[PDB]
């Protein structure tokens, strides 16, 4: 069985004082065993050393982004090899905000994933459709195309988690149902089985990155093809511990 996965994306938030409070709360948390759930927290770049130095060793740290290739003359960017040097094991790549606001193309995301994996990082690779795409019946075309841009560029899926983000249902007031989430995760896994291998389809975690009303995480987690959550604002709050606890059963 795939190990349930909960990632916390802090986004562009945090102060030294807020980080200390979040980390102390996570360090005091009593959650399901390492065998039941894998937990990753993703602070901004400037707090990565602080969080890695202070967080419980059974929770893992992710950067929110890295550069597409080897470092060098790329003012403002952080390379995968820098993250490896700082003992940051994970990175989030292709988040909806970077695809939309920072205009990161599916091919650019794919090249980042492949480079990160080559340096030995583990990757949360994000995909998802807009409202226009959803309403046109294009959800499965769009999610398969974003996944194919990554698949075409990687040589190994072992250290990849895919995060599905229904962009129309993230902080818009619209919420996708469990059935809607299950349908996309099932079709995506079926895509991996036909286009990469049955083994990769069976072993790759596909986590849900859509907005969820309080108390509705266990109904989503219990869907057959949903393997956990990529969490936004709740990752800054004690509620994140209740999302980790949804891994139980």
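Residue numbers count along the first chain shown, from 1.
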Legend entry - Given 217-225 and 47-55, the range whose Cα B-factors average higher in the PDB entry: 217-225
Inset, instruction - Look over 173-181 and 140-148 in the entry and identify the one with the greater average Cα temperature factor. - result: 173-181
Legend entry - Highest-ranked of 68, 212, 40, 188 once sorted by CA temperature factor in the record: 212
Inset, instruction - Could you look up the Cα B-factor of residue 156 in the entry and say which third of the chain it sits in: lowest, middle or highest? - result: highest
Inset, instruction - Comparing against every modelled residue in the chain, figure out the third that the C-alpha B-factor of residue 129 lands in (lowest, middle or highest). - result: lowest
Legend entry - residue 74 CA temperature factor, ranked by third within the chain: middle
Inset, instruction - Can you work out whether the C-alpha temperature factor of residue 15 puts it in the lowest, middle or highest third of the chain? - result: highest
Inset, instruction - Please rank the C-alpha B-factors of the chain's modelled residues and tell me whether residue 195 sits in the lowest, middle or highest third. - result: middle
